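Protein chains in written order, with the deposited numbering: chain A, 12 to 119; chain M, 12 to 119; chain B, 12 to 119; chain E, 2 to 213; chain P, 2 to 213; chain N, 111 to 213.
We put the CB at the ideal spot given by N, CA and C, even for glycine.
Notes for the one structure printed next.
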Amino acid sequence: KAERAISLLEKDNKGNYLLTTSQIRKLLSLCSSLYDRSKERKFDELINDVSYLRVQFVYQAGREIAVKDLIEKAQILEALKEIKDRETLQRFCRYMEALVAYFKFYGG
Amino acid sequence: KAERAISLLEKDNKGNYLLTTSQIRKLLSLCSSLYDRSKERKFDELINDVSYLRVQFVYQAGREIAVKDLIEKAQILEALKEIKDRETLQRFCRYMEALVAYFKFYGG
Amino acid sequence: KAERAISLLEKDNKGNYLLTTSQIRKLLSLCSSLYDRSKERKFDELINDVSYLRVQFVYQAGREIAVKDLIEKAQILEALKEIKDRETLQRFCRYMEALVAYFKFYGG
Amino acid sequence: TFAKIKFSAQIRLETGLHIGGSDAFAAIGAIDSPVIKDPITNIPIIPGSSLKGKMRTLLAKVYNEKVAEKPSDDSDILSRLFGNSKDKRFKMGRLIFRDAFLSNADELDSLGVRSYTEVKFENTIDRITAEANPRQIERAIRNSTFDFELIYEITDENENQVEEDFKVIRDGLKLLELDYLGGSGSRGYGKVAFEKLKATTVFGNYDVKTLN
Amino acid sequence: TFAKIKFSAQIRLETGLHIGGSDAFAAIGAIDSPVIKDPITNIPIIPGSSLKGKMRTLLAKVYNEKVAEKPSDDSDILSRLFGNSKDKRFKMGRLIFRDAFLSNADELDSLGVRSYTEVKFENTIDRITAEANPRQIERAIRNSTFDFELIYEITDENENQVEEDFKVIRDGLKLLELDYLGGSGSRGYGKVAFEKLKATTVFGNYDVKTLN
Amino acid sequence: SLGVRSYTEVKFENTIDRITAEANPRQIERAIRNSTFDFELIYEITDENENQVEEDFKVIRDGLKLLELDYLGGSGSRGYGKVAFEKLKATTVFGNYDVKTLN
RNA sequence: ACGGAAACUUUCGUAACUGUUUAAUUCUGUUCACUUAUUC
């Protein structure tokens, strides 16, 4: 979980991270709006939010080159299909926050 | 909804998507103008917007060849008849946004 | 409105639509010039445009055989008499746009 | 001693403007910064931050006595109307604004429109080639009223300058109508029009006479 | 010190122009891009983006001292009139335009017209065959006045160059009449005519004498 | 199982001297929301407690509902306390008095 | 016939004053409703 997120993010291509924390102020906030709602109600009720949350990742992979190189390496689309339980869904919310902290330590 | 939208859109014919995101800047905005108005009022009042929304899909399938091959495969005209409830109409609005994300994922 | 416009237009006679979209570039612009002016002023003021609009369907039906076969089937002359209110007049303007979309859906 | 002055008016947009809102996600047909609206519903509204940031700038260039350099530190005769984070004589402002909401939806649907905003197509010429950078923007529709209420209150000390305070406020209202209000207004996008400029009292303490 | 100059005039179109608008869906009788109008109503109006994008280009080729290459970086003597996003001496523009609206509807219906626009049939010859690509456009009707108001304001520093500023503005108004104002107007579509060119003051600070 | 922050949060508070901006940027440490507790009130008689047992339950029952309409803690004037006695029941351990005045 | 008995870390207090997502930008460059034609 947190072990494969410190070496995969560093392995990129050209230096100087062009993508900043300003152009990613939506896909990182919609996942936080699901972790708090998963602990209040069941998982069979939040089936509409999971479908809309996946579209945000694919929609950003065609408008900027700084997104396709992050989804194919970190396997973002693969983790969105293995989830099916309430406990498994909470693991994906914590894995996304790990890739943000290390992204600002080496650059910004 | 989102599972069958990743394999049906890829199955086409000739490569290199000739249809761009500039010539489809109307039918993608009229569907957003109906989802936001369905949460304020009822469904029996917006009966005039549903009839006009269906004409736009048929009008585009006669002026460009890049539209007939998309309606007959994704079954756009079939989903416009099954809808009849407020909750069912909201599902068609989310399905249209999914086809736009995966369209730019492979090309543009 | 839109449900009965998909079966009545298909029921014709000889195949291959001889009437193109170029010889009908007048009656489609006159009806559009009344829907936009009906929302600005009242209906009792535009009484001269309605009488002039009905004559256009008579002159065009005496010079081309591809016009009389469409008026008698779609009941164009009948709808021009039932209208009398501002809300009823707006329905006939939307019905004319539906016959154009489905016309190019099968041919052109 | 303590009164509440509310400048209730209706802002009539005679020209579609364009203010860069938040994220570009209000529509799947844009590519640039649209216009900020409502997070719950979907009605084009204008915030109050653009009103204070524009009215104070256009007014501090005629009622001043020294060349400005930094905000909240120029022309003391008008610093008490907005606020100052450096002067020890006052800290709070006596001109509370309000985010104007579009209240023209009660009769807009009766006319039959397309939506609430339009997408205008623009580009540029590099004086060496033809069309370059096919960009696009999203402006606002014409004829859309708003609820603008300027909250004013005195604090006992406001005694021998009440008549002078209304002169600066009234002059600032008619001055905003002769200038753009928003972003990229150099080509003619802003230019508002305060319709039915009236002022009433809610608490009931100061008489009304200088209505217009 | 701070004045407001408004150049109120009436743009008389002696020849129907053609400006590419937004979505080509204003009529179900066209096939190409018509003319942008009003989203609420349906009156042929001209935006203000085409005025600044055309007046500045035709003026920067006679009052310049260096071969241009990119906008906002040529002829400093006229950069302060429009704006510059690179010079640190000034950022805002002192020439605020306005979207001209058609106000000729008060007497156009009395003469008995067809609508507000017309469809013109055009084609081309490939010098090897007859008619090829039967396209069509939608121009504008003849005789249609508009409301053009050029907002001008000074900023204290505008002192020893006010008389020179009116020379460039007056020369730019008569220069636009001798050239097309629109898209593909090389065949004779634009050519405007500023009728009743007058200038008045609303704020009341600078005297009027250089009217014409 | 729900995954929370920890056990106690930190709230930022200050004061206004009506002459300056922020003064004394202090902070407090409040408690989390929704946290049950084990409260047991022991009552025993001493022979003489005979012709007043029914009157004693009126004071105890009124005191339980009165604490819910008031803060229980420090600086509760702004709304920090206000408890809620859930599942108010009474039982016997030694077994010498029947239960009937449950609620 | 208990080194016990009697007891609120309680009373007081906006994380506040200040700040336009702004300056710059023509949806335009090429285009005959055309070709063959006795109102005899």
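### Task
Please confirm if residue 4(A) has its CB atom under 8 Å from at least one CB of chain N.
Any property of residue 4(A) remains undetermined from this structure, which presents chain A solely from 12 to 119.
### Task
Go ahead and pull the three-state DSSP assignment for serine 9(E).
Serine 9(E) falls in the strand class under three-state DSSP.
### Task
Determine the DSSP secondary structure at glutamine 137(N), reduced to helix, strand or coil.
Here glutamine 137(N) sits in strand by DSSP.
#### Entry: Under 7 Å by beta carbon: chain E residues contacting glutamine 34(B)
Neighbours of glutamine 34(B) on chain E: none; closest Cβ ~29 Å, over 7 Å.
### Message
By the 8 Å beta-carbon criterion, what residues does the region 121-132 of chain N contribute toward chain E?
### Response
Listed by position along the chain: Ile129, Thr130, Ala131.
#### Entry: Under 8 Å between C-beta atoms of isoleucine 17(A) and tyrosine 117(A)
Taking a C-beta distance under 8 Å as the contact criterion, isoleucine 17(A) and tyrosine 117(A) do not qualify as a contact pair.
### Task
With 8 Å as the threshold, decide whether the Cβ of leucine 112(E) is near any Cβ in chain B.
Interface residue, yes.
### Task
Measure the CB-CB distance between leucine 151(E) and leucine 60(E) and report whether it falls below 8 Å.
The Cβ atoms of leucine 151(E) and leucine 60(E) lie no closer than 8 Å to each other.
### Query
Going by C-alpha distance, which of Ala194(P), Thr211(P), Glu196(P) is nearest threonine 202(P)?
Residue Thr211(P) is the option with its Cα nearest to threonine 202(P).
### Query
What residues from chain E crowd round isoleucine 32(P), counting only those whose CB sits closer than 9 Å?
Within 9 Å Cβ-Cβ: nothing; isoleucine 32(P) doesn't reach chain E, min ~17 Å.
### Query
Relative to chain E, which residues along the region 45-68 of chain M have a C-beta separation below 7 Å, given in chain order?
Within the region 45-68 of chain M, contact with chain E at the beta-carbon level (separation under 7 Å) is assigned to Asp47, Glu51.
### Query
Does the Cβ of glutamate 139(P) have 16 or more other Cβ atoms within 10 Å, making it buried, or fewer, making it exposed?
Counting the other Cβ atoms within 10 Å of the Cβ of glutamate 139(P) gives 16 or more, which makes it buried.
### Task
Please check the pair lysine 115(B) and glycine 73(M), which I expect to be a contact at CB under 8 Å, by giving their CB distance rounded to whole angstroms.
Contact check for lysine 115(B) and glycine 73(M): beta-carbon distance about 3 Å, within the 8 Å limit, so the pair qualifies.
### Status (buried if at least 16 other CB within 10 Å, exposed otherwise) for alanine 141(N)
Result: exposed.
### Query
Can you find a CB in chain B that lies within less than 8 Å of the CB of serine 145(P)?
Closer than 8 Å: no.
### Query
Taking contact to mean at least 3 C-beta pairs separated by less than 8 Å, is the region 15-24 of chain P in contact with the region 188-198 of chain E?
The answer is no - the region 188-198 of chain E does not touch the region 15-24 of chain P, with fewer than three Cβ pairs under 8 Å.
### Message
Within a Cβ cutoff of 6 Å, which residues of the same chain sit near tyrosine 207(P), ignoring the five residues on either side of it in sequence?
### Response
Scanning its chain for C-beta atoms nearer than 6 Å, with the 5 sequence neighbours on each side dropped, one finds around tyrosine 207(P) the residues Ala4, in chain order.
### Message
Measuring straight from C-alpha to C-alpha, what distance separates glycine 191(P) and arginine 128(P)?
### Response
Straight-line measurement puts the Cα of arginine 128(P) at about 28 Å from the Cα of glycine 191(P).
### Task
Using a cut-off of 9 Å between C-beta atoms, extract the partners of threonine 211(E) located in chain P.
Neighbours of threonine 211(E) on chain P: none; closest Cβ ~20 Å, over 9 Å.
### Message
If we define contact as Cβ-Cβ less than 8 Å, is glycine 119(M) a contact residue for chain A?
### Response
By this cut-off, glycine 119(M) is an interface position.
### Task
Compute the distance between the beta-carbons of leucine 91(M) and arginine 52(M), then report whether it is under 8 Å.
Going by C-beta atoms, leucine 91(M) is not nearer than 8 Å to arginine 52(M).
### Query
Who are the neighbours of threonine 42(E) on chain M, taking C-beta pairs under 8 Å?
Per Cβ cutoff of 8 Å: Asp47, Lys50, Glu51.
### Task
Note down, in chain order, each residue of its chain lying with its Cβ closer than 8 Å to the Cβ of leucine 57(B), except the 5 sequence neighbours on either side.
Within the same chain, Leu45, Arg48, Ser49 come within 8 Å of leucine 57(B) by CB-CB distance, once the 5 residues on both sides are set aside.
### Query
In terms of alpha-carbon separation, which member of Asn43(E), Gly113(E), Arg57(E) lies closest to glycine 49(E)?
Nearest of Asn43(E), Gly113(E), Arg57(E) to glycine 49(E), Cα basis: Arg57(E).
### Query
Which residues in the same chain have their Cβ closer than 7 Å to the Cβ of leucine 96(E), if we skip the five residues on either side of it in sequence?
Within the same chain, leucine 96(E) has close Cβ partners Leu82, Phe83, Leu151, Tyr153.
#### Entry: Rounded C-alpha distance that separates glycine 26(B) from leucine 14(P)
If I take the Cα positions, the gap works out to 48 Å.
### Task
State the start and end residues of the unbroken alpha helix (DSSP H) segment that holds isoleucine 58(A).
Residues 58-71.
### Message
Tell me which residues share the same chain as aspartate 96(B) and place their Cβ nearer than 8 Å to its Cβ, disregarding the 5 neighbours each side in the sequence.
### Response
These residues qualify, in order along the chain: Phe54.
### Message
Check whether chain P comes within 8 Å of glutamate 119(E), counting only Cβ atoms and requiring the distance to be less than that.
### Response
Output row for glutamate 119(E): interface = yes.
### Task
Find the nearest neighbour of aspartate 24(E) within the set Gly30(E), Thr16(E), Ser34(E), judged by alpha-carbon distance.
With distances taken between Cα atoms, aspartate 24(E) lies closest to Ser34(E).
### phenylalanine 122(E) - containing beta strand (DSSP E), residue span
118-122 is the span of the beta strand (DSSP E), which, as asked, contains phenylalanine 122(E).
### Message
With a threshold of 7 Å on Cβ separation, who are the neighbours of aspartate 148(P) within its own chain once the five nearest residues in sequence on each side are excluded?
### Response
These residues qualify, in order along the chain: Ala101, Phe102, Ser104.
### Query
Is it buried or exposed for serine 33(M), if we count other Cβ within 10 angstroms and need 16 for buried?
Exposed.
### Delimiting residues of the beta strand (DSSP E) encompassing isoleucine 152(E)
In the DSSP annotation of this structure, the continuous segment of the beta strand (DSSP E) that includes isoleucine 152(E) starts and ends at 149-154.
### Task
Name, please, each residue of chain P whose Cβ falls closer than 8 Å to the Cβ of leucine 39(B).
Close partners of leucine 39(B) in chain P (Cβ separation under 8 Å): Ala28, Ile29, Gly30.
### Query
Are the beta-carbon atoms of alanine 77(M) and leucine 29(M) separated by less than 8 Å?
In this structure, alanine 77(M) lies near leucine 29(M), with their beta-carbon atoms less than 8 Å apart.
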